[PDB]
$ cat start-v5.cif   # mmCIF, C-alpha atoms
data_query
#
loop_
_atom_site.label_atom_id
_atom_site.label_comp_id
_atom_site.auth_asym_id
_atom_site.auth_seq_id
_atom_site.Cartn_x
_atom_site.Cartn_y
_atom_site.Cartn_z
CA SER Y 1 -137.22 -139.16 -141.45
CA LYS Y 2 -136.58 -138.52 -137.73
CA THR Y 3 -137.68 -134.86 -137.48
CA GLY Y 4 -139.12 -133.14 -134.36
CA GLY Y 5 -142.10 -130.77 -134.56
CA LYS Y 6 -142.70 -128.22 -131.78
CA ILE Y 7 -145.40 -125.55 -131.26
CA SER Y 8 -145.54 -122.76 -128.61
CA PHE Y 9 -148.80 -121.05 -127.49
CA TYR Y 10 -148.79 -117.68 -125.60
CA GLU Y 11 -151.65 -116.16 -123.55
CA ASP Y 12 -150.93 -112.60 -124.84
CA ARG Y 13 -150.16 -111.14 -128.28
CA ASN Y 14 -146.55 -110.76 -129.49
CA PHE Y 15 -145.56 -113.99 -127.68
CA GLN Y 16 -145.97 -112.26 -124.30
CA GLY Y 17 -147.65 -113.66 -121.14
CA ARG Y 18 -147.51 -117.32 -120.02
CA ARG Y 19 -146.17 -119.69 -122.72
CA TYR Y 20 -146.77 -123.43 -123.30
CA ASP Y 21 -144.58 -125.67 -125.53
CA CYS Y 22 -145.76 -129.03 -126.94
CA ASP Y 23 -143.73 -131.64 -128.88
CA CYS Y 24 -146.56 -134.14 -129.42
CA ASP Y 25 -150.38 -134.22 -129.70
CA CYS Y 26 -152.18 -132.82 -126.61
CA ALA Y 27 -155.86 -133.65 -125.99
CA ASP Y 28 -156.17 -131.05 -123.21
CA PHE Y 29 -153.48 -128.38 -122.60
CA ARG Y 30 -155.89 -126.08 -120.75
CA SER Y 31 -154.09 -126.98 -117.48
CA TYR Y 32 -150.91 -125.33 -118.85
CA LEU Y 33 -152.60 -122.35 -120.56
CA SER Y 34 -156.04 -120.78 -119.96
CA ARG Y 35 -156.06 -119.04 -123.38
CA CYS Y 36 -153.80 -118.51 -126.45
CA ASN Y 37 -153.78 -115.23 -128.49
CA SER Y 38 -150.55 -115.92 -130.40
CA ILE Y 39 -148.63 -119.07 -131.45
CA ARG Y 40 -145.14 -119.93 -132.74
CA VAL Y 41 -144.55 -123.10 -134.80
CA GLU Y 42 -140.85 -124.01 -134.73
CA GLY Y 43 -141.13 -127.17 -136.83
CA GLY Y 44 -143.72 -129.54 -138.29
CA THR Y 45 -147.38 -128.75 -139.08
CA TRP Y 46 -150.19 -128.69 -136.46
CA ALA Y 47 -154.02 -128.82 -136.29
CA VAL Y 48 -155.65 -126.78 -133.49
CA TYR Y 49 -159.29 -127.02 -132.28
CA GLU Y 50 -161.38 -124.35 -130.53
CA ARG Y 51 -162.82 -126.79 -127.91
CA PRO Y 52 -161.37 -129.94 -126.20
CA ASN Y 53 -161.60 -133.39 -127.80
CA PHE Y 54 -160.67 -132.05 -131.25
CA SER Y 55 -164.12 -130.42 -131.57
CA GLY Y 56 -165.30 -126.95 -132.70
CA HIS Y 57 -163.48 -124.93 -135.40
CA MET Y 58 -160.32 -126.69 -136.72
CA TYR Y 59 -157.36 -124.85 -138.32
CA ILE Y 60 -154.10 -126.17 -139.85
CA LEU Y 61 -150.90 -124.25 -138.92
CA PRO Y 62 -147.71 -124.74 -141.08
CA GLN Y 63 -144.24 -124.00 -139.60
CA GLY Y 64 -143.82 -120.25 -138.93
CA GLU Y 65 -144.39 -117.45 -136.37
CA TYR Y 66 -147.85 -115.98 -135.69
CA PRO Y 67 -147.56 -112.92 -133.36
CA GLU Y 68 -151.38 -112.72 -133.01
CA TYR Y 69 -154.36 -115.06 -133.35
CA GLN Y 70 -155.71 -113.16 -136.39
CA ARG Y 71 -152.45 -114.11 -138.16
CA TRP Y 72 -153.68 -117.71 -137.86
CA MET Y 73 -157.19 -116.65 -138.94
CA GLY Y 74 -158.36 -117.79 -135.49
CA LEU Y 75 -162.00 -116.86 -134.80
CA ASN Y 76 -161.03 -116.10 -131.17
CA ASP Y 77 -158.19 -116.99 -128.75
CA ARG Y 78 -159.92 -120.19 -127.54
CA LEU Y 79 -157.99 -123.45 -128.11
CA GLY Y 80 -158.62 -126.65 -126.07
CA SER Y 81 -156.57 -129.27 -127.97
CA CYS Y 82 -153.84 -129.58 -130.62
CA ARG Y 83 -152.51 -132.47 -132.76
CA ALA Y 84 -149.32 -132.69 -134.82
CA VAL Y 85 -150.07 -133.17 -138.52
CA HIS Y 86 -147.67 -135.64 -140.20
CA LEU Y 87 -146.62 -134.87 -143.79
CA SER Y 88 -146.09 -137.71 -146.31
CA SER Y 89 -143.79 -137.16 -149.35
CA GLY Y 90 -143.03 -139.80 -152.04
CA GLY Y 91 -143.69 -138.42 -155.54
CA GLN Y 92 -146.86 -136.88 -157.11
CA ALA Y 93 -150.01 -136.24 -155.05
CA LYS Y 94 -153.22 -137.01 -157.02
CA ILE Y 95 -156.87 -136.56 -155.90
CA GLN Y 96 -160.17 -137.88 -157.35
CA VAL Y 97 -163.58 -136.33 -156.42
CA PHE Y 98 -167.13 -137.64 -157.10
CA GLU Y 99 -170.30 -135.59 -157.65
CA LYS Y 100 -172.44 -137.99 -155.49
CA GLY Y 101 -171.86 -139.84 -152.20
CA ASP Y 102 -170.20 -143.29 -152.06
CA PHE Y 103 -168.00 -142.46 -155.07
CA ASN Y 104 -170.91 -142.20 -157.56
CA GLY Y 105 -171.87 -139.58 -160.19
CA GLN Y 106 -169.37 -137.80 -162.46
CA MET Y 107 -165.72 -138.07 -161.33
CA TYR Y 108 -162.94 -135.48 -161.81
CA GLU Y 109 -159.21 -136.08 -161.13
CA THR Y 110 -156.56 -133.36 -160.65
CA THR Y 111 -152.99 -132.98 -159.34
CA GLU Y 112 -153.25 -129.21 -158.63
CA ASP Y 113 -154.87 -127.07 -155.90
CA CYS Y 114 -158.44 -125.87 -156.60
CA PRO Y 115 -159.34 -122.28 -155.41
CA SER Y 116 -162.97 -122.46 -156.64
CA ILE Y 117 -164.59 -125.86 -157.23
CA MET Y 118 -167.67 -124.40 -158.94
CA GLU Y 119 -165.55 -122.43 -161.43
CA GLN Y 120 -163.28 -125.42 -162.16
CA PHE Y 121 -165.73 -128.38 -162.06
CA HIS Y 122 -169.11 -126.60 -162.10
CA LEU Y 123 -170.00 -128.44 -158.83
CA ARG Y 124 -171.78 -126.73 -155.90
CA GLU Y 125 -170.98 -129.45 -153.30
CA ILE Y 126 -168.75 -132.55 -152.80
CA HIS Y 127 -170.12 -135.72 -151.10
CA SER Y 128 -167.21 -138.18 -151.55
CA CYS Y 129 -163.57 -138.17 -152.73
CA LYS Y 130 -160.43 -140.38 -152.61
CA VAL Y 131 -157.13 -138.60 -151.90
CA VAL Y 132 -153.98 -140.72 -151.36
CA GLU Y 133 -151.18 -138.54 -150.06
CA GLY Y 134 -151.60 -138.12 -146.29
CA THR Y 135 -152.20 -134.36 -145.80
CA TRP Y 136 -154.96 -132.55 -147.79
CA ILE Y 137 -157.01 -129.47 -146.65
CA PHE Y 138 -160.62 -128.77 -147.73
CA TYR Y 139 -162.17 -125.27 -147.19
CA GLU Y 140 -165.88 -124.38 -146.96
CA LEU Y 141 -165.59 -121.01 -148.84
CA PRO Y 142 -163.61 -120.21 -152.06
CA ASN Y 143 -160.01 -118.93 -151.94
CA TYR Y 144 -159.26 -121.26 -149.01
CA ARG Y 145 -161.51 -119.34 -146.53
CA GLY Y 146 -164.08 -120.43 -143.89
CA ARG Y 147 -163.88 -123.62 -141.78
CA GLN Y 148 -161.19 -126.06 -142.96
CA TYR Y 149 -161.24 -129.90 -142.84
CA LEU Y 150 -158.07 -132.07 -142.86
CA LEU Y 151 -158.29 -135.17 -145.10
CA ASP Y 152 -155.85 -138.12 -144.80
CA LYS Y 153 -154.62 -140.68 -147.36
CA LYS Y 154 -157.99 -142.44 -146.82
CA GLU Y 155 -161.20 -142.51 -148.91
CA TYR Y 156 -164.17 -140.43 -147.70
CA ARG Y 157 -167.44 -142.08 -148.78
CA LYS Y 158 -169.85 -139.70 -146.96
CA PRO Y 159 -169.49 -135.91 -146.41
CA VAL Y 160 -169.78 -136.30 -142.62
CA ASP Y 161 -166.75 -138.62 -142.89
CA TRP Y 162 -164.42 -135.53 -143.17
CA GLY Y 163 -165.86 -133.88 -140.01
CA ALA Y 164 -168.29 -131.54 -141.86
CA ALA Y 165 -171.96 -131.24 -140.85
CA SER Y 166 -172.85 -130.29 -144.47
CA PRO Y 167 -171.58 -131.49 -147.92
CA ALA Y 168 -170.58 -127.88 -148.66
CA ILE Y 169 -166.93 -127.61 -149.73
CA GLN Y 170 -165.71 -124.95 -152.23
CA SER Y 171 -161.88 -125.33 -152.36
CA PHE Y 172 -159.00 -127.68 -151.44
CA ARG Y 173 -155.17 -127.61 -151.35
CA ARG Y 174 -152.36 -130.17 -150.95
CA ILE Y 175 -150.05 -129.72 -147.93
CA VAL Y 176 -146.29 -129.78 -148.72
CA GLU Y 177 -143.15 -128.93 -146.70
#

$ encode --input "start-v5.cif" --output "structure tokens"
Amino acid sequence: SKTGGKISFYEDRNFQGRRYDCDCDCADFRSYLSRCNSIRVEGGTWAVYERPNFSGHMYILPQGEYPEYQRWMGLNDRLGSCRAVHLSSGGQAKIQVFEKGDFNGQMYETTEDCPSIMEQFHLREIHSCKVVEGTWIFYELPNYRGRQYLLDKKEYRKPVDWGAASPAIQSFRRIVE
């Protein structure tokens, strides 16, 4: 239970340059680092945002070492805020998705990751879904590519409820550690 996540950001590639270490969520770390082109995650998972106030592109980083921003699929080396993602275990993660908003339309339930929603469910978009686990990732393009959205053990009734400006979502995966 009592763990201790920690993430280190470096201004240059190969963990060179000024470094900044964080052990909790930080809404604005720009005062400690003006840019980050590489990151090291010593423990725990973390969500990073391109602009302050958890806004702009969002990416989930599992424990590991990333000697360059491209290793984290970063679009650039701009990061204004970071939050620690908490993982929930317990037993078997199950997700239910609905073809229309407000949990309406045809419903499909699965306990496995989905690389291509259109190939698996023949659906071009997702407007609502109820996942009860704690850490789920949704991706805008197939094969877990494009902008990613982090879902919690809550129910999303509208597409904008998961931070997306469009109901376009093509793949999703469960987070485990």

$ residues_around --input "start-v5.cif" --residues "residue 92 of chain Y" --least-positions-apart "5" --cutoff "10 Å" --atoms "only C-alpha atoms" --output "list in words"
residues 111, 132 and 133 of chain Y

$ atom_distance --input "start-v5.cif" --atom1 "atom CA of residue 23 of chain Y" --atom2 "atom CA of residue 65 of chain Y"
16.1 Å

$ resolve_selection --input "start-v5.cif" --expression "the PyMOL selection byres ((chain Y and resi 80) around 9)" --output "number ranges by chain"
Y: 26-30, 34-35, 48-55, 78-79, 81-82

$ resolve_selection --input "start-v5.cif" --expression "the PyMOL selection byres ((chain Y and resi 141) around 12)" --output "list in words"
residues 114, 115, 116, 117, 118, 124, 125, 138, 139, 140, 142, 143, 144, 145, 146, 147, 148, 149, 168, 169, 170, 171 and 172 of chain Y

$ resolve_selection --input "start-v5.cif" --expression "the PyMOL selection byres ((chain Y and resi 21) around 6)" --output "list in words"
residues 7, 8, 20 and 22 of chain Y

$ residues_near_point --input "start-v5.cif" --point "(-147.5, -138.0, -145.5)" --cutoff "12 Å" --atoms "all atoms listed in the file" --output "VMD selection string"
chain Y and resid 1 44 to 45 85 to 93 131 to 136 151 to 154 174 to 177

$ atom_distance --input "start-v5.cif" --atom1 "atom CA of residue 41 of chain Y" --atom2 "atom CA of residue 63 of chain Y"
4.9 Å

$ atom_distance --input "start-v5.cif" --atom1 "atom CA of residue 72 of chain Y" --atom2 "atom CA of residue 4 of chain Y"
21.5 Å

$ residues_around --input "start-v5.cif" --residues "residue 167 of chain Y" --least-positions-apart "6" --cutoff "9 Å" --atoms "all atoms listed in the file" --output "list in words"
residues 125, 126, 127, 128, 158, 159 and 160 of chain Y

$ decode --input "start-v5.cif" --residues "segment 6-35 of chain Y" --atoms "N, CA and C atoms" --output "PDB file, in the first residue's frame"
ATOM      1  N   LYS Y   6       8.115   8.637  -7.896  1.00  0.00           N
ATOM      2  CA  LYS Y   6       9.051   9.781  -8.092  1.00  0.00           C
ATOM      3  C   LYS Y   6       9.387   9.895  -9.578  1.00  0.00           C
ATOM      4  N   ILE Y   7       9.394  11.105 -10.087  1.00  0.00           N
ATOM      5  CA  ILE Y   7       9.715  11.343 -11.530  1.00  0.00           C
ATOM      6  C   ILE Y   7      10.778  12.445 -11.635  1.00  0.00           C
ATOM      7  N   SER Y   8      11.720  12.295 -12.542  1.00  0.00           N
ATOM      8  CA  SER Y   8      12.791  13.332 -12.724  1.00  0.00           C
ATOM      9  C   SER Y   8      12.757  13.871 -14.158  1.00  0.00           C
ATOM     10  N   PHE Y   9      12.730  15.175 -14.305  1.00  0.00           N
ATOM     11  CA  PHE Y   9      12.719  15.804 -15.667  1.00  0.00           C
ATOM     12  C   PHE Y   9      14.077  16.479 -15.912  1.00  0.00           C
ATOM     13  N   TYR Y  10      14.620  16.373 -17.108  1.00  0.00           N
ATOM     14  CA  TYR Y  10      15.954  17.004 -17.404  1.00  0.00           C
ATOM     15  C   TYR Y  10      15.835  17.950 -18.605  1.00  0.00           C
ATOM     16  N   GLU Y  11      16.483  19.086 -18.545  1.00  0.00           N
ATOM     17  CA  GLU Y  11      16.377  20.070 -19.663  1.00  0.00           C
ATOM     18  C   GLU Y  11      17.050  19.559 -20.937  1.00  0.00           C
ATOM     19  N   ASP Y  12      18.044  18.705 -20.837  1.00  0.00           N
ATOM     20  CA  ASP Y  12      18.729  18.199 -22.072  1.00  0.00           C
ATOM     21  C   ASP Y  12      18.488  16.697 -22.241  1.00  0.00           C
ATOM     22  N   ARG Y  13      18.860  16.183 -23.378  1.00  0.00           N
ATOM     23  CA  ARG Y  13      18.672  14.734 -23.669  1.00  0.00           C
ATOM     24  C   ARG Y  13      19.710  13.911 -22.899  1.00  0.00           C
ATOM     25  N   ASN Y  14      19.426  12.650 -22.696  1.00  0.00           N
ATOM     26  CA  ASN Y  14      20.377  11.753 -21.976  1.00  0.00           C
ATOM     27  C   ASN Y  14      20.529  12.182 -20.513  1.00  0.00           C
ATOM     28  N   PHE Y  15      19.449  12.666 -19.949  1.00  0.00           N
ATOM     29  CA  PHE Y  15      19.422  13.124 -18.524  1.00  0.00           C
ATOM     30  C   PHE Y  15      20.588  14.063 -18.226  1.00  0.00           C
ATOM     31  N   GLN Y  16      20.834  14.984 -19.119  1.00  0.00           N
ATOM     32  CA  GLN Y  16      21.929  15.980 -18.925  1.00  0.00           C
ATOM     33  C   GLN Y  16      21.281  17.354 -18.719  1.00  0.00           C
ATOM     34  N   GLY Y  17      22.019  18.330 -18.256  1.00  0.00           N
ATOM     35  CA  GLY Y  17      21.411  19.679 -18.045  1.00  0.00           C
ATOM     36  C   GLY Y  17      20.805  19.780 -16.642  1.00  0.00           C
ATOM     37  N   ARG Y  18      20.027  20.800 -16.401  1.00  0.00           N
ATOM     38  CA  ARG Y  18      19.383  20.961 -15.065  1.00  0.00           C
ATOM     39  C   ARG Y  18      18.338  19.862 -14.879  1.00  0.00           C
ATOM     40  N   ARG Y  19      18.210  19.354 -13.675  1.00  0.00           N
ATOM     41  CA  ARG Y  19      17.229  18.256 -13.402  1.00  0.00           C
ATOM     42  C   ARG Y  19      16.233  18.693 -12.324  1.00  0.00           C
ATOM     43  N   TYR Y  20      15.035  18.177 -12.392  1.00  0.00           N
ATOM     44  CA  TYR Y  20      13.986  18.514 -11.379  1.00  0.00           C
ATOM     45  C   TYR Y  20      13.314  17.216 -10.928  1.00  0.00           C
ATOM     46  N   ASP Y  21      13.238  16.986  -9.639  1.00  0.00           N
ATOM     47  CA  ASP Y  21      12.607  15.732  -9.109  1.00  0.00           C
ATOM     48  C   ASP Y  21      11.299  16.080  -8.397  1.00  0.00           C
ATOM     49  N   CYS Y  22      10.272  15.298  -8.631  1.00  0.00           N
ATOM     50  CA  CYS Y  22       8.948  15.558  -7.986  1.00  0.00           C
ATOM     51  C   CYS Y  22       8.424  14.261  -7.360  1.00  0.00           C
ATOM     52  N   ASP Y  23       7.879  14.357  -6.173  1.00  0.00           N
ATOM     53  CA  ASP Y  23       7.345  13.150  -5.465  1.00  0.00           C
ATOM     54  C   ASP Y  23       5.839  13.303  -5.259  1.00  0.00           C
ATOM     55  N   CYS Y  24       5.245  14.284  -5.880  1.00  0.00           N
ATOM     56  CA  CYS Y  24       3.778  14.488  -5.737  1.00  0.00           C
ATOM     57  C   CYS Y  24       3.292  15.302  -6.934  1.00  0.00           C
ATOM     58  N   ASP Y  25       2.013  15.509  -7.073  1.00  0.00           N
ATOM     59  CA  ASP Y  25       1.519  16.291  -8.241  1.00  0.00           C
ATOM     60  C   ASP Y  25       2.075  17.716  -8.197  1.00  0.00           C
ATOM     61  N   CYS Y  26       2.371  18.279  -9.343  1.00  0.00           N
ATOM     62  CA  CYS Y  26       2.893  19.683  -9.399  1.00  0.00           C
ATOM     63  C   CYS Y  26       2.096  20.457 -10.450  1.00  0.00           C
ATOM     64  N   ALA Y  27       1.394  21.481 -10.042  1.00  0.00           N
ATOM     65  CA  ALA Y  27       0.566  22.247 -11.013  1.00  0.00           C
ATOM     66  C   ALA Y  27       1.443  23.167 -11.859  1.00  0.00           C
ATOM     67  N   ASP Y  28       2.583  23.556 -11.358  1.00  0.00           N
ATOM     68  CA  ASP Y  28       3.479  24.452 -12.144  1.00  0.00           C
ATOM     69  C   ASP Y  28       4.921  24.240 -11.675  1.00  0.00           C
ATOM     70  N   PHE Y  29       5.688  23.496 -12.428  1.00  0.00           N
ATOM     71  CA  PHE Y  29       7.114  23.233 -12.059  1.00  0.00           C
ATOM     72  C   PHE Y  29       8.037  24.072 -12.948  1.00  0.00           C
ATOM     73  N   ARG Y  30       7.457  24.955 -13.712  1.00  0.00           N
ATOM     74  CA  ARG Y  30       8.256  25.804 -14.635  1.00  0.00           C
ATOM     75  C   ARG Y  30       9.288  26.627 -13.860  1.00  0.00           C
ATOM     76  N   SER Y  31       9.062  26.882 -12.598  1.00  0.00           N
ATOM     77  CA  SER Y  31      10.039  27.693 -11.816  1.00  0.00           C
ATOM     78  C   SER Y  31      11.282  26.858 -11.504  1.00  0.00           C
ATOM     79  N   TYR Y  32      11.183  25.561 -11.638  1.00  0.00           N
ATOM     80  CA  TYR Y  32      12.347  24.672 -11.338  1.00  0.00           C
ATOM     81  C   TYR Y  32      12.976  24.209 -12.648  1.00  0.00           C
ATOM     82  N   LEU Y  33      12.228  24.240 -13.720  1.00  0.00           N
ATOM     83  CA  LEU Y  33      12.777  23.788 -15.033  1.00  0.00           C
ATOM     84  C   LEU Y  33      12.080  24.564 -16.164  1.00  0.00           C
ATOM     85  N   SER Y  34      12.860  25.139 -17.044  1.00  0.00           N
ATOM     86  CA  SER Y  34      12.284  25.939 -18.166  1.00  0.00           C
ATOM     87  C   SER Y  34      11.921  25.041 -19.354  1.00  0.00           C
ATOM     88  N   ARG Y  35      12.323  23.801 -19.334  1.00  0.00           N
ATOM     89  CA  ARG Y  35      11.999  22.879 -20.464  1.00  0.00           C
ATOM     90  C   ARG Y  35      12.399  21.460 -20.043  1.00  0.00           C
TER      91      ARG Y  35
END
